[PDB]
Each structure stands twice: as structure tokens, then as C-alpha cells.
């Protein structure tokens, strides 16, 4: 019987009690990254994260930081491999920058052979060290040309451009890459990119944020989410019909959260919590497992929710060989009004729920996850059991999928000095407490989880935060980015992997 801790102090950092041998022998352990966050702009075209961070610098991060140079994994990809080799990692999730291999967006405009070579060298180097690549085709960095031609995922033209891009990736890299991710966190671009305008491309309704150049927060998230599902599904169909000889697997990435009732004896809070599961997870998982959106969304969103035709429904339904599940935290849900006629209405209000980290009796859900110095009532707290709850739910609700945990991690403040930054015991606690629950859910519920990739390999540009927070298991000095030095968490993870 496995017992896991939910509250500080944790004792799971002792590799005598928890290590890779606790899991099945074939289980993959590694770390993850994304291209905008680590490579730099050298050698690639411009994308909407370059566009957004430069047009709206105060949205890039409080320091106005961006991915222009970051940790320069364009130059130092070998040092990334060296971190993985030091960890004895068996997996690495990275993304391909569309703007690095097709700077002009549309494949018929030509490819960047040097860009293709960069990824071939990385892939070859990973395989040479026994590391399995998990490659994300689209980690938000859409070529700026496509956003300016037709507003990117707002238009159905994205489907064929994304298909042609994916086809190029499969053709060039699929002989070596056997695990592909289509779109990173389906929920995020629709809501943050087109709803609140916190993320690229930065569209929203005028009274949501007057700085947005255009948009409609009430309708655009649904349009974009729909086109993401279609684009994803066209790419999965392309992979499974034309690249079956490669013997690999493909799936989407979902951001997962668990939801608990703000008041667990209040039927209204309990209803809000179940609506949250459907609006947060079901928005994408309904289409992926059934070809339709959840009924509550159909009912609530009405004419703002697009329909799939019978052909589209069939393309989207079952369009995965596995799911990449990212997991960071859990929220309490309580009812909230949905003012659909308000000029500041957003798609996120359609769930009719307000989310918190504190419940009605004053209980904070778990340890600190992210401090918000401008408003401390907006601090985020984590909940190790949430990874158990999420995995169990996916198995039971979503037809026992094959799952890889494609992100899990925690930040530490960028104001800490190097010594403090390297002594990242809060990161060991977060990682180990989640891995304990992940082992427990695999053993108790028989969820088909086959690997775990911690966010992040190294410190990088964090979307929305610049360099003001650090997520790496390895430290990077921003005054001299060459080295990636294992922190206490990286050192712990090395011992966990090879106890």
C-alpha cells in the first residue's frame, strides 16, 4: 500500500523511499522545453510570440523579457543534451519552431534547410545518448506571416498550412522521432490568446483590454479552439495514413487541472466543479473521444459554439494514439454569473464558475505554487493528489487512454540569487510529491501512464513572466548562458532516476 503526502513537510525526496524502480521498468523519465522559450531568434523567422512580446512588452513579463536570446539553445543544444545525459534521462520533450523550418509559414514558399539541420543534429544527439524524443509540432510560436495573412488559428486556412508543416516534420524527422505532440495545451491559446489577451496573439474584446488590436473574447476562443481541433485531427490523420511505416505515435497535449468544490456540501459549488471539468477538459476531450462538444457547452454557448460536420466529427473522434497531459495544479470551484450580454463577456465566463485556491472554510489547498507580489490573494497553491485525481478521471471518463505526463514543475523567483536559486528544495518537494501520487494512481487505478517529463530542463523565458521566475532543474546565468548547472532538484532527479 502506497501512502503519499499532501502537505508540507514532504519526505519523498529520499530516494530510498521513492525512485524510478518504484515504477515499471519501461517507464520514461525526463524533462521538457519549448522552442520559443529556449532557442533564440537567430536562424529563424519571426513568430507571434516575437510579435506579441515586442508590440506589448509589458505583457511579455514584468521585466519586458522575451525569447530573443534566452538560453541560446540554438548555439548550446549540445549542453542541453549534456544535462539529459547527466540525468540519465530516457526522454526529452522539445518543440520544433515552425518559423525555424518554414520561416514564410506556408511550405510552398520554401523551407530553411539550415533549420532542418539544427533539429536533425539535436535528434541525432539525443538518440546517441539513449534519450527518446517527444516532439511538439506547435508550442504556440506561429509564424507571424500567418497571423497577419489570416489571423492564424482564427481562420480555417490554418488547417492546411499546419498540415503541410507537420508533413514536412514527419518526412524529415519521423524516421527517428516516434512520439509526436500536435498542439501544446489546447485550452491555452483560445482563452489566453483570444480571450484575456494575456498570450499571443493578444486579441480580445475592446473593454476586456483596450490594448488588444482586435478581437472578441466571447466568440473567438470557440472559433480558435474549433480550428485547433480540426488542424490537430487533420495532422493525426496525415500521420496515421501516410507515416504508419515510421512506427510512431501522435497525440495532442492537454493542460489538465483537477477541480474540487469550494464548498463540498453546497450543490451549487458541486455543480460548478462538474461544469469546470466539462468546460476545461471536456471542451477538447469530448471532441477527441466522441466527435462532439459536451452537452453543457452546447447548451450554454449556443450559437457561439461551432458545429462539426459529420466528416469533421469522424476526423476528430479518436484522433490520438496517446495523450500528453500537462499537470500543475488544482482549483476550487464556486458558482459565478455568466453575463453573455456584457461587452466584457469572455468565453471563460461560460463555465459559470469562479476559481480559487482557498475553500469556503478557509483551507488553502496545498503548498505555495506561485507567489503574486502585486496581489497576494492571487497566489497559486498546488495539490499533489490532483495528479492522481486527473489520471483516474482520464482513465474512467475518457476510455483508458495511453498517457505521458508531458509537463509538471514549479517556479522559484528570479529575485533569488544564484545560491538560493540552486538550493531549490521547494522544487524537489513539488516534483517528488507529484511523482509519489503518480506511482500510486498507476498502481491503484491501473492508469496507462508510461512516462513523465518535468518542466523544465533549464531556466528559460517563461511565457508572461520574462526571466522573473525560474523553472529549470538546471540553472542558467543570464549574464552568460552557456552553462546549465544541475540545481539541487536536478541532482535529486538524477538520484531518483538512477538510485
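Positions refer to the first chain, counted from 1.
On average the C-alpha atoms of 336-344 have higher B-factors than those of the other stretch, with 336-344 and 159-167 being the two compared. For the two regions 321-329 and 111-119, the entry's Cα B-factors average higher over 111-119. Of the candidates 422, 260, 200, 225, the one whose C-alpha carries the top B factor in the deposited record is 422. Considering 418, 385, 93, 104 together, the PDB entry gives 418 the largest C-alpha B factor. In this PDB entry, the Cα temperature factor of residue 394 sits in the bottom third of its chain's modelled residues, the lowest group. For residue 237, the recorded CA B-factor ranks within the middle third of the chain. Only modelled residues enter the ranking. When all modelled residues of the chain are sorted by CA temperature factor, residue 172 is found within the middle third. Residue 267 sits in the middle third of its chain by CA B factor, as recorded in the PDB entry. The PDB entry assigns residue 350 a C-alpha temperature factor belonging to the middle third of its chain's modelled residues.
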